[PDB]
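S.K.: For reference, the structure I am asking about is given below.
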Ligand SMILES: [Cl-]
Ligand SMILES: [Cl-]
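Residue numbers (my numbering): 341 to 527.
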């Protein structure tokens, strides 16, 4: 089967390294929050839709950061993915969500385990697409109108269109994982 350079670039991006900083402190200047992890500087661009506790100063503490390097380079540029750190200390799942994957004539069901109380669409999108690449042949073929839909316990839903990266402006969007009803993917 056919796969374009566009599909190959989606695959290279979502098979790349995404990592977490847990309960860290960073410093805001303008629309960037800078974190130091080991000796590495990480500058995270804010989107303006973050769900952060209101502060007086430039200190952003008690946050988790899901980091995905864009580009190559000394400083690591990442977009969004800052969330409140977990109140709990148990390290086990906070929610176990029904995940269905439809293909073309068949449906596969499994549970998808979420470890964070408040989680970015950035991290959900990244980890789910990586899981779909590893186990469900995502990007072996042209994705076309393939979508992930995250439905919330109040009936609202979010859509990730799999034929393009998640739009940068949405990467700060944050949800309470206890409110996720189900995840449905049509491939
Ligand atoms: Cl959406
Ligand atoms: Cl929510």
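Note that CB positions come from ideal geometry on N, CA and C, so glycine has one too.
One question on the structure: do residue 358 and residue 408 come within less than 9 Å of each other, judged by their Cβ atoms?
M.R.: Contact: yes.
S.K.: Is the Cβ of residue 371 closer than 9 Å to any Cβ of chain B?
M.R.: Among the protein chains of the structure shown there is no chain B, as only one such chain exists.
S.K.: First and last residue of the alpha helix (DSSP H) that includes residue 401?
M.R.: Premise fails: residue 401 lies in the beta strand (DSSP E), 399 to 408, not in any alpha helix (DSSP H).
S.K.: With 16 other CB atoms within 10 Å as the buried threshold, where does residue 431 fall?
M.R.: Its Cβ having fewer than 16 others within 10 Å, residue 431 is exposed.
S.K.: Could you have a look at residue 456 and say whether DSSP puts it in helix, strand or coil?
M.R.: Residue state, collapsed to three classes: coil.
S.K.: For ligand 2, I want to know if residue 516 counts as a neighbour, meaning its beta carbon is within less than 8 Å of at least one of the ligand's heavy atoms.
M.R.: Result yes, Cβ under 8 Å from ligand 2.
S.K.: In its own chain, which residues sit with a C-beta less than 8 Å from the C-beta of residue 447, not counting the 5 before and 5 after it?
M.R.: For residue 447, where only same-chain residues beyond five positions count, the Cβ hits under 8 Å are 440 and 441.
S.K.: Can you list the beta strand (DSSP E) stretches of 3 or more residues lying completely in the segment 345 to 416, in chain order?
M.R.: Those beta strand (DSSP E) runs which fall completely within the segment 345 to 416 and span 3+ residues are 358 to 369, 372 to 377, 380 to 385 and 399 to 408.
S.K.: Determine whether the beta carbon atoms of residue 393 and residue 479 lie at a separation below 9 Å.
M.R.: No, the Cβ-Cβ distance between residue 393 and residue 479 is not below 9 Å.
S.K.: Following a CB-centred definition, is residue 371 positioned closer than 8 Å to any heavy atom of ligand 2?
M.R.: False, no ligand heavy atom lies under 8 Å from that Cβ.
S.K.: Tell me which residues pass a beta-carbon proximity test against ligand 1: closer than 6 Å to any heavy atom, given in chain order.
M.R.: Here the list is 498 and 499.
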